[PDB]
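Next up: a single chain in structure tokens, the form deposited in one PDB entry.
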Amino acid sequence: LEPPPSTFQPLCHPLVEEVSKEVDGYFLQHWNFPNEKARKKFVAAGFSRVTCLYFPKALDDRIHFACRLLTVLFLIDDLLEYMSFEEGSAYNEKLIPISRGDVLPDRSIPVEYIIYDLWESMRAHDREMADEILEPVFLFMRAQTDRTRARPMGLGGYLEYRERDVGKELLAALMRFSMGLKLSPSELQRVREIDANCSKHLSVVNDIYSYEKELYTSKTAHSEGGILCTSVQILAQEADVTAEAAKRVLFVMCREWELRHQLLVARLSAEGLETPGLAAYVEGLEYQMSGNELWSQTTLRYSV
């Protein structure tokens, strides 16, 4: 698979190695891994590396929070593949009041106290910015087990849904939190079109590289939890071509979204609407897109 040229250059957080050891070490200590093979596969994925590629300009004392949140969501994402839609929904909904801090965790259940302690530590560091990540996370969690995954979709309908399932909103709120980048409601309304365009890029790039993994999962895991819901399959069905053909076409489309991003940002600046905060924000989104692609094309999570 040869990716067409891109002008987006990825950047990684300088503290990636020490934060990786810290976060991986925490989960290896607390998370209920079934066996040693799973523990090695967990480390091999590099969940803190993708986080550091996603938010390379996060504050040095906040990047670990982002690594912890994405890591635990990665782990849960894999667990849901062996559950039904109903079981996955019950699993996630249990964690939601716990994430809010409204409900105390069962200390004998790792996922509950990991989730609880995480959000408590994040609110302790920055209460206002931490709270603004909550609902975007819950929107993503509920999209994971939405029964729309088992119903016919076109490319457009998928991308609209996948924006929630890919967690575009939580990644944006997490990025702002990790950078301490505060934007007014008016400023955020200005970049909504830019956010929507960025979401499609993150979604499809993931779909492309994670297709083989998800193909295998669809055949081996739960028929609902592991259902093959991806742009690769959808375009392949609409055009009646192979998944490999669909990947090549989708990758060209991703470059068109990169072009649109630059066009939208350029217009924002020309209209005199790009505040210093917005300028940092849109650059952060580009890091997400380039960082997502670098990690996806190199991580062992997708190659083995």
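What we label the rigid core is the largest C-alpha set whose atoms superpose within 1.5 Å from one form to the other. Residue numbers run from 1 along the displayed sequence.
Keep in mind that the form deposited in another entry is not shown, yet the notes after this line are about it.
Following superposition of the rigid core, which of 77, 86, 212, 106 is the only residue with a C-alpha displacement of 2 Å or more between this form and the one not shown?
-> Between the two forms, the residue that moves is 212.
Did residue 127 shift 2 Å or more between this form and the one not shown, C-alpha, core superposed = Stays below the 2 Å threshold, so no.
Does the distance between the two CA positions of residue 154 reach 2 Å or more between this form and the one not shown, the core being superposed?
-> Shift at residue 154: 2 Å or more after core fit.
Residue 272 C-alpha moves between this form and the one not shown by 2 Å or more, core aligned = Yes; that C-alpha moves by at least 2 Å between this form and the one not shown.
Shift in CA distance, residue 120 and residue 163, in the other form relative to the form shown here, given it is 3 Å or more = Farther, not closer.
Once you account for a change of 3 Å or more, let me know if residue 211 and residue 87 sit closer or farther in the other form, using their C-alpha atoms.
-> Result: farther.
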